[PDB]
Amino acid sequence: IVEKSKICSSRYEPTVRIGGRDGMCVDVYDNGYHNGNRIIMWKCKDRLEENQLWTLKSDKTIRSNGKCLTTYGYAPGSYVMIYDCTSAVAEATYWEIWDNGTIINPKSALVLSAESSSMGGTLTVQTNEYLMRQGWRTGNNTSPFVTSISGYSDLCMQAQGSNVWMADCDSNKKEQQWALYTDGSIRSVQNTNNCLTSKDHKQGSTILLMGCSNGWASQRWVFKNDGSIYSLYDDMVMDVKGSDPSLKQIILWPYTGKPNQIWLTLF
């Protein structure tokens, strides 16, 4: 280090869609930009439209058609709405999109959430539990990333019913393809209604496939640069049990960085 140089510009203000639960978008209901109109989880439309596009301003506000994405209140349950930027309590318009896919209202410390599995459900601010239903991802293209996943001993994760273990990587097997969603879930391409889930929150907990309907914490996963598939809520990662693929088990375990904990997306 010495006469350090370049600082990244703060003039960047991208407008992108924000995908979340079950691949749905943050949507200004019916292009209703009247003060107090409700914001909902809607299908991400086939074309880029205004009520689905949000500008990530440098003042920490999230705008669509000028109006600001504003909470109602600062209590678990208060809905979020569209509102003129200068008329609402400043603090209700500030938002922070973290690296882990959490959109938080700093002031309330509450978090954007899609509490309803139904397309069209209203968004609310809830206590942060790192649930799949409080995971988002920015960018106009909200399409899942369908990829295979290899790990220990170069074996690939394979779906066998409602179970999952390591097996020979086979480009042909459709049971080895997974759709990595915007909400942070890992869904089986064979039935995208299934999500890799951890039975419990205890170390040793076996992870397998369960319905994504509830959007729990055990169904939201984060792919770290170190190679782990991390659980934000339980401070734990996926583990090929005892570095033994033969046990046909992938469990929940704290990160020790061993080879049975590193994974890779093969595109």
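Throughout, we count residues from 1 along the sequence that is shown.
In this entry, 69-77 shows the higher mean Cα temperature factor of the pair 175-183 and 69-77. The stretch with the higher mean CA B factor, choosing between 221-229 and 207-215, is 207-215. Going by the entry's values, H34 shows the largest Cα B-factor out of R38, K45, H34, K60.
Looking only at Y130, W98, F145, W165, the residue with the top Cα B factor in the deposited structure is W165. Per the PDB record, residue ranking by Cα B-factor puts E49 in the highest third of the chain. Ranked against the other modelled residues of its chain, the C-alpha B-factor of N260 as given in the entry falls in the middle third. Among the modelled residues of its chain, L266 has a C-alpha B-factor that falls in the lowest third according to the deposited record. Among the modelled residues of its chain, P106 has a C-alpha B-factor that falls in the lowest third, as given in the PDB entry. Among the modelled residues of its chain, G20 has a C-alpha B-factor that falls in the lowest third, as given in the PDB entry.
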